[PDB]
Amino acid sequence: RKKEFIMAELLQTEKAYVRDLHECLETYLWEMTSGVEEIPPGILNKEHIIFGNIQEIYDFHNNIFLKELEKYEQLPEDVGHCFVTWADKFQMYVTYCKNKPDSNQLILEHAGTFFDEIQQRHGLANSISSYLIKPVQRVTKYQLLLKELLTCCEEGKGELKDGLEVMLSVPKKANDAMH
């Protein structure tokens, strides 16, 4: 019963994550690039610093990873393998974390109320800062869920262990890349 609860939370929070990144891209980002409003010269044309590679991270989870996790729904003891298979893709998070301080610093110094105004007009409960922290949260959450599965899976602990090893290495490498 417990492993079914863990797998259900993995899938539900994955869907929520994809939805959140989608909302960030189609609101806060679309406003900068649409050419529909007025952007401060301090951030004009600097969307790649503000958002990093969050487009690429979204494409991976939307196009590939949520669909592959879904295929593991009735195979929770094997889901560690999903992370082994797509290990290379998670390297994008290293690039994302490295850039995060510059993003925050640029928004604070030159963005003014531009993104706050955008939030009000769309009635979003989450600020741009609340959205941009989510990849940092997500890449450190997968290891917790894999550890939980290890407490209640007899077979096959082997598959889970290899997956966990991957999802400890990725955030460690991202951590060690910070200046």
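Counting begins at 1, following the sequence as shown.
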Notebook entry, point to check: Do the C-alpha atoms of 38-46 or of 139-147 have the higher average B factor in the entry?
Noted result: 38-46
Next item on the list: Determine, for stretches 82-90 and 104-112, which one has the higher mean CA B-factor as deposited.
Entry: 104-112
Item checked: Given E70, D59, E26, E154, the residue at which the Cα B factor reaches its maximum -> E154
Note to self: Looking at the C-alpha B-factor values in the deposited entry, which of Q120, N63, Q55, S129 comes out highest?
What the structure shows: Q120
Checklist line | Within-chain third of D162 by Cα B-factor, per the entry | finding: middle
